[PDB]
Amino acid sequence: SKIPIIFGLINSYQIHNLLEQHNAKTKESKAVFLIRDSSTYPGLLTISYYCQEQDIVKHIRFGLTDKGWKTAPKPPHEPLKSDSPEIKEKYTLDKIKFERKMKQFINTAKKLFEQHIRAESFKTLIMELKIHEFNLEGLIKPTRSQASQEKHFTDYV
């Protein structure tokens, strides 16, 4: 009857309310966090937490590699109305780089996500959370109806 520790596709309002319910805003950044299915890239996991320094919720994506779960390529900073041509020209190159790297990363991550449903990959997720200094005692656990229904996570308990 065990519930996975991974959330399914939850919305931004729910993510913020879960972090606030667990007092993320009165604790150090990363002291409280949740793990959910990525809503942009199937097969990836997204860690959501509160960043005290900026007073915003932040997200970091992980995907399977041959070594286990690892940090995915990060996208370049969003365009702004105020952007100068110099900003925009650099964004072009950084966006192409991000798209190329994410394409290769997803291709490998999705193949691994699909084959080892019964997974000693779980321990490698814990390792990467530790390297990123997430307080494992601060993991928010989903209720049964909110947990991921992805088969890879059935035993992520």
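Residue numbers run from 1 along the displayed sequence.
Averaged over their C-alpha atoms, the temperature factors of 62-70 and 85-93 are higher for 85-93. Taking the mean C-alpha B-factor of each stretch as recorded, 107-115 and 48-56 are not equal, and the higher mean is that of 107-115. When the modelled residues of the chain are ordered by C-alpha B-factor, residue 10 sits in the middle third. For residue 128, the recorded CA B-factor ranks within the middle third of the chain. Only modelled residues enter the ranking. Compared with the other modelled residues of the chain, the Cα B-factor recorded for residue 26 ranks in the highest third. In the deposited entry, the Cα temperature factor of residue 136 places it in the highest third of its chain's modelled residues. Per-chain ranking of the deposited C-alpha B factor places residue 38 in the lowest third.
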